[PDB]
Amino acid sequence: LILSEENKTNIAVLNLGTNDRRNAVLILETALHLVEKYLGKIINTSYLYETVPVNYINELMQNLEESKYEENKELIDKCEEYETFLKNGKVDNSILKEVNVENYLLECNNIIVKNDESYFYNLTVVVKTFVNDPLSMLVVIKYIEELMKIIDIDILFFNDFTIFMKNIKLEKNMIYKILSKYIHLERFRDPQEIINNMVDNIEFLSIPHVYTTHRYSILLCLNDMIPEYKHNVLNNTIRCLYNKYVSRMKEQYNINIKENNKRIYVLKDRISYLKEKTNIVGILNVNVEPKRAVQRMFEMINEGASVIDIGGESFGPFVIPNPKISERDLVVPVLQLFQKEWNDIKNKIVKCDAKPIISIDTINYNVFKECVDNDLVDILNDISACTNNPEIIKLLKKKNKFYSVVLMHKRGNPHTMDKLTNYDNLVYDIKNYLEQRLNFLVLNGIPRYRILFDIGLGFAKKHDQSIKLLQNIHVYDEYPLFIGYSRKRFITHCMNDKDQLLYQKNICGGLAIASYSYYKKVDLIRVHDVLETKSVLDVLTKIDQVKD
Amino acid sequence: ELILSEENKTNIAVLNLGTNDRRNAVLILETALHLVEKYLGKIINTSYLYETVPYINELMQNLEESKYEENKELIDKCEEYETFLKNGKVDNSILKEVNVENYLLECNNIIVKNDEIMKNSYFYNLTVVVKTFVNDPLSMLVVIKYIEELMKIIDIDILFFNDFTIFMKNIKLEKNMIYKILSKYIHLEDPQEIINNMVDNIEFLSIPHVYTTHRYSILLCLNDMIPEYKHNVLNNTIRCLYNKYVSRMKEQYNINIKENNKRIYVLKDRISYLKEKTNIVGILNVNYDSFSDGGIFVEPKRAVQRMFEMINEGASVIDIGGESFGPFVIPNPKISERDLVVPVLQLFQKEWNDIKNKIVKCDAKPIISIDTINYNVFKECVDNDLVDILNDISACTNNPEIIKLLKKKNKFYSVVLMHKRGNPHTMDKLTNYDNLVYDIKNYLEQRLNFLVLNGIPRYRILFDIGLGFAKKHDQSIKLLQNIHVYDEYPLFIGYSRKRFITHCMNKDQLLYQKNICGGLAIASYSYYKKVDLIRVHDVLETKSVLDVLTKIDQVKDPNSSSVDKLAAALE
Ligand SMILES: Nc1ncnc2c1ncn2[C@@H]1O[C@H](COP(=O)(O)OP(=O)(O)OP(=O)(O)O)[C@@H](O)[C@H]1O
Ligand SMILES: Nc1nc(O)c2nc(CNc3ccc(C(=O)O)cc3)cnc2n1
Ligand SMILES: Nc1nc(O)c2nc(CNc3ccc(C(=O)O)cc3)cnc2n1
Ligand SMILES: Nc1ncnc2c1ncn2[C@@H]1O[C@H](COP(=O)(O)O)[C@@H](O)[C@H]1O
Ligand SMILES: [Ca+2]
Ligand SMILES: [Ca+2]
Ligand SMILES: [Mg+2]
Ligand SMILES: [Mg+2]
Ligand SMILES: [Mg+2]
């Protein structure tokens, strides 16, 4: 009943590990892609963590064998099997032989004790899987591992099952037989010489995985995705287990474990440590001739911007509608000239890790599709938090690429914004709103660690409400936070040729908010005045660097 | 009486000066200082001013002279005072001394008897050490009472008088005995309508004063001046009693006793609460303002315009100077410092006075500070009421006599003391410190002690670490990293446009801009460290930054944070 024709939908929790800091993202993201291709749908992910307890991949992705199972990108609002899995409601009897608590505890404990005798990059995922059983799932997992010619993908959970199968002998053609049930094996190029590897790689099978409740890096991840979840073989919920291990660490060793184990977010393709640097995002409001616009982009890189945010649709208050030129026509050419002039890499080839991350400020599906088709951008800055056209969420995943996104809170539009100002609980309403939005992308397979939050200063907030959101920015301490205060009316509201005076004050007032952001450890600030902001951040950094 | 026997002596007495008139605290209290300086002896120590929670302008003209002479002369040490601090041998008290127990019982009695009468507003407080020619406390109390009367408001208590231990239960004096004691010290001559109020006033005499150990405000002040002093009557040094009080209020009533017991500094004539506001001090360097054209003439009209621009831009203080003290290129010719600053300051005084407008701006007038080390320049400014503050980058080392101009018959001026070594050509190589942070701090505390010994009020003295003066770039940073060591003191700093900001960075007006912006970073940092005064060129930019940071800090409900949080978790 192992290769039962009775196709099912099960819930599996995986753990993905690599050891290589420089390639972690590509490595783990490659694994993510091969999970979505080969196992089912990703419907949850944790953050990426650095824990302390080359490029054949690019052309692996070309030469993949087709799955025998379909991919479906339609947005879902809800997933019933997941609700069921979280709740410990009823599912179909395991096809693999279970063990009771007592035996699991012993046979688990046994494996730990017996095991008694660098950097690690961790990530968990929930998969709604069409694979029948954990052992099969492992087979496929071992395929994926061997494909990536470096990666350790463990099965943390698989429904409410408890399984300790003690010795596993799998015939060389059963392994082929299993894979074929789920993959259009080309019978890399040749699957023959992969099988013989996997022959010995499955010794036993423990569900839950042995270390689930014993490795910090595991509980850290699971705490992100499924904090209220209580498996049968656990004293308490993930949260409690997580909390207990954190506070307990302070007693046994006075350790404060968060310090070793750093949360990560990703803007393009490298690690960023949450709360460890205030990146500048320079604004390019194209509203300006391509060549000119591109000079500005170059000015900005050199003035110290990590990110350029280009937009051709003005989202500021009461701004004028003018039918003359389309958002596409403004932004796409500019990005194309940029990518051209950058690619003239006769200049130092080492200065291509100088390349700015490119962000496009749009809600328009058509604009983003062209940008992504033509590799012109890295990030979607969607000021509707992807609510205006959620189809846009499907553009954040390619076969072998993930894009990051900024989710901003607003109400209404440029004309109505200033009216839509009532909030029962301003700070938490908005936070809860961004959490609801993040949950939505995450259910739809956007990596949690590629999603950035923005409270949308000046968008359906009075000026006191904008200040109040800054005063309470601490509520974002756990999240990658992106803000834009630059040149907004609320700065000027704070102050004791009239219009030139006011401009300067407003720019200088923004540098105060650069200072505040720096101390609040805001991850990105969206600014017009890049040289000024960089000067501020450089000085505050020196004042912090306390080495002799 | 041995009391009136003209056996002329020097005694050490420690006084308390208290008022409750908020708006005039400075005036009331400094006037009292003046009368104590004239009629009692020499002021050789002062505390800070503190806000605690439990016709004068004319009167100064018509004051009877003193039978004792006043020396404005500077001293380096004061042996009597040294002797008072260690409790070395001093002449027996002419008044009868009680013993510890007896003393202790009578105070306890006064403390309890007073509880009930009250068991049936803010204060402004200041202590002072006086080296006195009065022979005993009762005489001093008599003169003190005269001073009070003369002022019509004020409460001047004696807290110590050498090592003596006195309690004198019942006191009436003939209006005759009074006139005699008064006549001993003051040239008397109406005085009579004064003398009659005084008869009943002196119910008793307690030395040390009854409340010395019970009122936080008194220990608070004394801890500024004589931390290490132990009286026979006291269980421990003033420092220890002070710390124990703070700590007991914390442990036992869960109160932070400091929170409504605020240290004050004075820039001109108004109360400033230490650490409550970062004031902008706008720079007017006439030398620069005038010879950067490449020109050769002083333009005083242009200079005064700049002063008005700065006032509108939000400067609270204007620092004017003629000598260039920066490291760079000197275009100083025949035209003197005096000629650079005094004309400008005089046109400013005229222009401010010929305010065509109604005197709406009367209370919005900037404090004027002069960046000089020069006795003559300062004297001219002070004699013609052109300046308020001496800004002395030598910490009064170039000419200590300049300290005597901070004081007048009825005026006190505030002073900035700054640390440097050498001069503009020399200073960049004068960079070896055994302990950078503490050497500079100790230096300034020694200058403060010197000025305080010479009766400059403690709360009028401001410290400046002197960024970029005999400091490498990394040392300038290190002084900012360690600015907390100034948490007890009025702190004035000067980072504006100095080389060390640029070195923090990675056409050529790019540097200028990077520098001005990098400075706004330090305004930010100064804001959070609660620096009292920052000396800046770019007033408008600095004011924007402070305005916005002040706004972000102004919260409506201080518990809203955790409340709204809870509201949200309850859904
Ligand atoms: N050391 C002292 N200094 C000043 N006055 C003293 C002292 N010892 C006794 N007295 C006198 O005894 C009385 C009590 O001293 P205290 O300073 O408490 O009085 P007070 O401040 O005038 O009274 P209150 O402020 O409680 O109305 C005063 O009338 C004062 O003349
Ligand atoms: N993610 C993100 N975050 C922003 O803050 C933002 N702001 C604008 C500019 N929009 C505004 C809004 C309000 C105001 C005013 O009150 O002045 C001005 C400009 C454009 N894209 C943005 N994208
Ligand atoms: N009280 C006070 N505090 C200062 O800091 C100050 N600075 C100057 C200007 N002097 C300098 C010194 C160093 C530097 C450089 O390294 O660039 C520049 C200018 C003039 N008066 C001053 N007065
Ligand atoms: N749930 C599981 N997930 C992955 N490997 C497992 C699991 N249970 C047992 N193993 C086996 O344990 C061995 C070492 O991997 P690990 O236990 O993940 O360190 C391999 O032979 C795995 O096949
Ligand atoms: Ca899939
Ligand atoms: Ca005198
Ligand atoms: Mg292993
Ligand atoms: Mg493993
Ligand atoms: Mg009194």
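Residues numbered from 1 in each chain as written, not as in the entry; some residues may be left out. Chains lettered and ligands numbered in written order. Heavy atoms only, no water.

In terms of determination method and resolution, the entry is listed under X-ray crystallography at 2.5600 Å.

Description of the sheet that holds strand β17 (residues 451–454) of chain A
Residues and elements named next belong to chain A. Spatial strand order, β17-β16-β13-β12-β11-β10-β19-β18: eight strands in an open sheet with parallel pairing. Strand pairing shows two members of the sheet lacking a second neighbour, β17 and β18 (482–483), which therefore form its edges. Note that strand β10 (residues 279–285) and strand β19 (residues 524–527) share four bridges and pair parallel. Bridging across to β19, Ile280 finds its partner in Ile525. Strands in contact with helix α10 (residues 290–303) are β10, β11 (307–311) and β12 (357–361); relative to β10, the strand with the most contacts, it is inclined by about 165°. (Pairing = 2+ DSSP bridges. Helix = DSSP H or I, 4+ residues; strand = E, 2+ residues; numbered from the N terminus. Contact = heavy atoms within 4.5 Å. Axes fitted to C-alpha atoms, helices over the stretch in contact; angles between N-to-C directions.)

Comments concerning the coordination of the calcium ion (ligand 6)
Protein coordination at the calcium ion (ligand 6): the donors are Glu37 of chain B (O), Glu37 of chain B (OE), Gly41 of chain B (O) and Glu70 of chain B (OE), at 1.7 to 2.4 Å from the metal. Residue classification places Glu70 of chain B among the partly exposed residues on the basis of a relative accessible area of 44%. (Donors = N, O, S within 2.8 Å, 3.2 Å for Na, K, Ca; no water. Buried < 20%, exposed > 50% of the residue type's maximum accessible area, 1.4 Å probe, protein only.)

Points about unusual backbone geometry
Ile207 of chain A connects to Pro208 of chain A through a cis peptide bond whose omega is -5°. Following the sequence through the fold, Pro208 of chain A ends up in the loop between β7 (205–207) and α8 (216–225). Cis rather than trans, the peptide bond between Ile207 of chain B and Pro208 of chain B has omega equal to 0°. Topologically, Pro208 of chain B is positioned in the loop between β7 (205–207) and α9 (216–225). Notably, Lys275 of chain A is not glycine yet its phi reads approximately 65°, a positive angle. With respect to the secondary-structure elements, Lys275 of chain A resides in the loop between β9 (271–273) and β10. Its relative accessible area of 17% is what places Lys275 of chain A among the buried residues. The residue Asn254 of chain B is not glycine, and still its phi comes out positive at about 55°. Structurally, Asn254 of chain B is set in the loop between α10 (238–253) and β8 (261–266). On the basis of relative accessible area, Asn254 of chain B is assigned to the exposed category, the value being 62%.

Quick look at the domain arrangement of chain A
Residue and element names in this part refer to chain A. As far as domains go, chain A holds domain 1 (10–71 + 78–264) and domain 2 (274–544). Placing a centre on the C-alpha atoms of domain 1 and another on those of domain 2 gives a separation of 36 Å. Across the boundary between the two partners, domain 1 contributes 23 residues, which contact 21 residues of domain 2. In total, domain 1 and domain 2 occlude about 1,800 Å² of area from one another, counting both sides; carbon and sulfur atoms represent 51% of this. If you sort the residues of domain 1 by the area they bury against domain 2, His33, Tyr47 and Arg263 come out on top, with a joint share of 34%. Applying the counting criterion to the domain 1 and domain 2 interface returns four salt bridges. Residue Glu276 is joined to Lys262 by a salt bridge in which the shortest nitrogen-to-oxygen separation is 3.2 Å. Scanning the region where domain 1 abuts domain 2 turns up nine residue pairs in polar contact. (Domains from an automatic or database assignment. Buried area = accessible area lost by both parts, 1.4 Å probe. Salt bridge = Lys/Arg side-chain N within 4 Å of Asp/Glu carboxyl O. Polar contact = N/O pair within 3.5 Å; in protein donor to acceptor, adjacent residues only side chain to side chain.)

Regarding the environment of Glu50 of chain A
All names here are of chain A. With respect to the secondary-structure elements, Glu50 resides in strand β3 (residues 48–51). Sequence separation of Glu50 and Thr18 is 32 residues, and the distance between their C-alpha atoms is 9.9 Å. If we skip the residues at most four places from it in the chain, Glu50 touches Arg21, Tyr119, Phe120, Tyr121, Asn260, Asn261, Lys262, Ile264 and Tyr273. At 2.5 Å, the side chain of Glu50 forms a polar contact with the side chain of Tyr273.

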